[PDB]
Amino acid sequence: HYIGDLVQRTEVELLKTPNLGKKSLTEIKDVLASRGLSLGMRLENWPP
Amino acid sequence: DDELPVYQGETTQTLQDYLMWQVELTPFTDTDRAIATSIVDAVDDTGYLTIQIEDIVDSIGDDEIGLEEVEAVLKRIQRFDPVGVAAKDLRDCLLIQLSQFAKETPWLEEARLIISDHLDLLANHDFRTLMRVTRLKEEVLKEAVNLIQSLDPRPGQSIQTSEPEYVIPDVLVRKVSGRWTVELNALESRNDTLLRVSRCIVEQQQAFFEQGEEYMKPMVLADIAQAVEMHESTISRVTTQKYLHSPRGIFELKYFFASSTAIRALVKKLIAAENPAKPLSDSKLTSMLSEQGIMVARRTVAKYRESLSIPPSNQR
């Protein structure tokens with residue numbers, strides 16, 4: 001849900017799940033390349 | 001040696017240095033860091049120009065690595081400190097600089113995306129027909145354009161050019177009776193004597209070219225080579241190294257040794273009234289020059305007036 005829980009993952013961890021392939025990883029890399037830029041942190045905690 | 005402030009250096013930071021510093025600190029992969037380092041060198045002291053994209057992609061030597069990977073990475077690089085960085089074409093520069101308006105800007109977000117994304121090529125002259133394209137009227141569009149005109153261009157904030165690179169002059173021309181008189185202000189001894197002779201040749205140039213006249217009277221290096229009997233290349237070298245100083249229009253005098261310069265002055269006079277016609281008529285001016293006796297016939301003398309960032313051609 002939302003962003004953060006998605007934003008921290010290594011591409012080596014995300015690359016292997018069904019249906020992603022190499023294309024969708026670069027797709028989310030392009031979409032999330034704007035705004036957040038992040039694709040990682042250890043952060044702190046969560047409000048919800 | 002050491003224990004003193006030898007001119008060891010400063011290690012300042014340019015824009016590419018700083019961008020690379022900014023890349024060091026962001027969560028790029030092994031490859032993406034190679035694309036990033038590949039883009040930040042492509043960037044210029046002017047910002048906007050990231051030059052050709054497909055050469056960025058092809059420079060990596062295939063093996064996979066599509067266009068989209070450099071595109072995303074490229075966007076994120078475009079997002080680093082000086083707001084709009086790199087990108088291309090200024091359009092996408094203003095779209096990235098416009099990417100963060102906080103979205104709480106009234107009327108600006110939408111209108112600014114329409115104007116800046118597309119049709120901005122016609123916004124150069126004025127609004128006019130564009131007002132009918134976007135259906136906007138009055139100050140609704142004018143305020144958005146106030147924001148677009150309030151953006152600035154690219155980087156050139158990093159800069160790191162504190163050095164103005166001053167002239168320091170070399171020889172002072174104290175102005176006499178509507179002209180100029182030398183004074184030279186401000187082996188090794190033989191080199192100093194040669195520099196003094198170069199100042200003497202500049203004084204001969206005072207006699208070679210009229211100061212008061214438009215531009216400078218046409219002269220040949222054979223005159224200065226006639227006076228002291230020195231070789232042409234030597235005199236041109238002295239005038240090329242040192243820069244003559246005069247109260248008005250001081251210059252290395254290398255350009256001082258009335259020819260094309262008079263035509264440039266005539267072109268400047270034509271430019272003053274050239275404002276009425278955007279296209280301009282250097283060819284017509286060439287016909288006027290031929291009538292004046294110049295005999296210019298749509299020549300580069302007229303073309304030079306039609307060049308040099310003239311309204312001519314560009315307005316057309």
# chains A, B, ... in the order shown; residues from 1 in each chain; ligands from 1
$ residues_around --residues "residue B:88" --least-positions-apart "2" --cutoff "8 Å" --atoms "only C-alpha atoms" --output "list in words"
residues 48, 49, 50, 51, 86, 90, 91, 92 and 93 of chain B
$ write_last_selection --atoms "N, CA, C and O atoms" --output "compact mmCIF listing (two decimals), in the first residue's frame"
# COMPACT_ATOMS: atom_id res chain seq x y z
N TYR B 48 21.65 23.24 -19.43
CA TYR B 48 20.64 22.55 -20.26
C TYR B 48 21.17 21.49 -21.16
O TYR B 48 20.48 20.47 -21.35
N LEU B 49 22.36 21.68 -21.72
CA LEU B 49 22.70 20.79 -22.84
C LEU B 49 23.26 19.52 -22.28
O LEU B 49 24.25 19.54 -21.78
N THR B 50 22.58 18.42 -22.49
CA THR B 50 23.07 17.06 -22.26
C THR B 50 23.43 16.40 -23.63
O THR B 50 23.67 15.20 -23.74
N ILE B 51 23.49 17.23 -24.68
CA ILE B 51 23.98 16.90 -26.00
C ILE B 51 23.12 15.72 -26.58
O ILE B 51 21.91 15.71 -26.32
N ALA B 86 20.59 20.06 -16.89
CA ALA B 86 20.66 19.09 -17.99
C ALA B 86 19.28 19.07 -18.78
O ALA B 86 18.81 20.17 -19.27
N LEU B 90 15.46 22.95 -23.40
CA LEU B 90 14.86 23.98 -22.57
C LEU B 90 13.40 23.69 -22.27
O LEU B 90 12.92 24.15 -21.20
N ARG B 91 12.73 22.92 -23.17
CA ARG B 91 11.32 22.66 -22.94
C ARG B 91 11.24 21.79 -21.69
O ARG B 91 10.48 22.10 -20.71
N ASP B 92 11.93 20.64 -21.77
CA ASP B 92 11.90 19.70 -20.66
C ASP B 92 12.55 20.32 -19.46
O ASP B 92 12.23 19.86 -18.32
N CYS B 93 13.44 21.30 -19.67
CA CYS B 93 14.04 22.08 -18.55
C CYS B 93 13.00 22.84 -17.80
O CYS B 93 12.99 22.86 -16.53
$ closest_atom_pairs --of "chain A" --to "chain B" --cutoff "8 Å" --atoms "only C-alpha atoms" --output "Markdown table"
| residue | atom | partner | partner_atom | distance |
| --- | --- | --- | --- | --- |
| A:26 | CA | B:69 | CA | 6.4 |
| A:29 | CA | B:72 | CA | 6.6 |
| A:30 | CA | B:72 | CA | 4.5 |
| A:31 | CA | B:72 | CA | 7.8 |
| A:33 | CA | B:72 | CA | 5.6 |
| A:34 | CA | B:76 | CA | 6.3 |
| A:37 | CA | B:76 | CA | 6.3 |
| A:38 | CA | B:27 | CA | 6.8 |
| A:39 | CA | B:27 | CA | 7.1 |
| A:40 | CA | B:27 | CA | 6.7 |
$ select_by_dssp --residues "stretch 6-251 of chain B" --states "strand (DSSP E)" --output "ChimeraX atom specification"
/B:171-174,181-182,244-245
$ write_last_selection --atoms "N, CA and C atoms" --output "PDB file, in the first residue's frame"
ATOM      1  N   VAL B 171      50.023  49.389 -22.255  1.00  0.00           N
ATOM      2  CA  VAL B 171      50.468  50.747 -22.604  1.00  0.00           C
ATOM      3  C   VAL B 171      49.321  51.703 -22.619  1.00  0.00           C
ATOM      4  N   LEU B 172      49.455  52.829 -21.943  1.00  0.00           N
ATOM      5  CA  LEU B 172      48.387  53.827 -21.832  1.00  0.00           C
ATOM      6  C   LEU B 172      48.471  54.846 -22.943  1.00  0.00           C
ATOM      7  N   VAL B 173      47.321  55.126 -23.548  1.00  0.00           N
ATOM      8  CA  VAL B 173      47.212  56.142 -24.580  1.00  0.00           C
ATOM      9  C   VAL B 173      46.551  57.351 -23.976  1.00  0.00           C
ATOM     10  N   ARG B 174      47.381  58.295 -23.536  1.00  0.00           N
ATOM     11  CA  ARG B 174      46.844  59.576 -23.046  1.00  0.00           C
ATOM     12  C   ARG B 174      46.305  60.376 -24.215  1.00  0.00           C
ATOM     13  N   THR B 181      48.282  59.925 -27.636  1.00  0.00           N
ATOM     14  CA  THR B 181      49.735  59.987 -27.430  1.00  0.00           C
ATOM     15  C   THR B 181      50.173  58.967 -26.391  1.00  0.00           C
ATOM     16  N   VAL B 182      51.154  58.157 -26.797  1.00  0.00           N
ATOM     17  CA  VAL B 182      51.696  57.026 -26.023  1.00  0.00           C
ATOM     18  C   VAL B 182      52.442  57.524 -24.807  1.00  0.00           C
ATOM     19  N   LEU B 244      47.114  47.014 -25.970  1.00  0.00           N
ATOM     20  CA  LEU B 244      47.248  48.491 -25.853  1.00  0.00           C
ATOM     21  C   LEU B 244      46.097  49.042 -25.006  1.00  0.00           C
ATOM     22  N   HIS B 245      46.369  50.070 -24.198  1.00  0.00           N
ATOM     23  CA  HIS B 245      45.287  50.708 -23.404  1.00  0.00           C
ATOM     24  C   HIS B 245      45.083  52.150 -23.872  1.00  0.00           C
TER      25      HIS B 245
END
$ residues_around --residues "residue B:134" --least-positions-apart "4" --cutoff "12 Å" --atoms "only C-alpha atoms" --output "ChimeraX atom specification"
/B:110-115,118-120,127-130,140-141
$ residues_around --residues "residue A:25" --least-positions-apart "3" --cutoff "9 Å" --atoms "only C-alpha atoms" --output "compact mmCIF listing (two decimals) with C-alpha atoms, in the first residue's frame"
# COMPACT_ATOMS: atom_id res chain seq x y z
CA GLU A 11 16.30 -4.62 -7.20
CA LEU A 14 12.32 -7.45 -6.32
CA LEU A 15 13.57 -8.97 -9.57
CA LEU A 20 7.46 -8.79 -13.27
CA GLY A 21 10.15 -9.58 -15.84
CA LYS A 22 12.91 -7.13 -16.76
CA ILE A 28 8.58 1.24 -12.08
CA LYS A 29 12.14 2.56 -12.22
CA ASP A 30 10.96 5.24 -14.65
$ select_by_dssp --residues "chain A" --states "alpha helix (DSSP H)" --output "PyMOL selection string"
chain A and resi 4-7+11-14+21-31
$ atom_distance --atom1 "atom CA of residue B:212" --atom2 "atom CA of residue B:180"
9.5 Å
$ residues_around --residues "residue B:21" --least-positions-apart "4" --cutoff "12 Å" --atoms "only C-alpha atoms" --output "number ranges by chain"
B: 13-17, 25-26, 33, 36-37, 40, 77, 80-81
$ residues_around --residues "residue A:48" --least-positions-apart "2" --cutoff "12 Å" --atoms "only C-alpha atoms" --output "number ranges by chain"
A: 1-2, 4-5, 45-46
$ write_last_selection --atoms "N, CA and C atoms" --output "mmCIF file, in the first residue's frame"
data_model
loop_
_atom_site.group_PDB
_atom_site.id
_atom_site.type_symbol
_atom_site.label_atom_id
_atom_site.label_comp_id
_atom_site.auth_asym_id
_atom_site.auth_seq_id
_atom_site.Cartn_x
_atom_site.Cartn_y
_atom_site.Cartn_z
ATOM 1 N N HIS A 1 0.847 -1.192 0.000
ATOM 2 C CA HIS A 1 0.000 0.000 0.000
ATOM 3 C C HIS A 1 0.878 1.236 0.000
ATOM 4 N N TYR A 2 0.410 2.303 -0.640
ATOM 5 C CA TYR A 2 1.130 3.580 -0.676
ATOM 6 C C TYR A 2 2.514 3.481 -1.312
ATOM 7 N N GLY A 4 6.123 3.963 0.781
ATOM 8 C CA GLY A 4 7.329 3.595 1.514
ATOM 9 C C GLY A 4 7.621 2.103 1.562
ATOM 10 N N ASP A 5 6.622 1.339 1.995
ATOM 11 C CA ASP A 5 6.776 -0.116 2.042
ATOM 12 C C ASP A 5 7.286 -0.685 0.678
ATOM 13 N N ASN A 45 10.193 3.799 11.056
ATOM 14 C CA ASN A 45 9.010 3.087 11.552
ATOM 15 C C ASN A 45 7.836 3.382 10.616
ATOM 16 N N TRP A 46 6.603 3.079 11.045
ATOM 17 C CA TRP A 46 5.401 3.532 10.340
ATOM 18 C C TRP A 46 4.289 4.021 11.259
#
$ residues_around --residues "stretch 285-288 of chain B" --least-positions-apart "3" --cutoff "10 Å" --atoms "only C-alpha atoms" --output "list in words"
residues 266, 267, 270, 280, 281, 282, 291, 292, 293, 294, 295, 296, 297, 298, 299, 300, 301, 302, 303, 305 and 306 of chain B
$ atom_distance --atom1 "atom CA of residue B:257" --atom2 "atom CA of residue B:223"
9.4 Å
$ atom_distance --atom1 "atom CA of residue B:64" --atom2 "atom CA of residue A:10"
20.4 Å
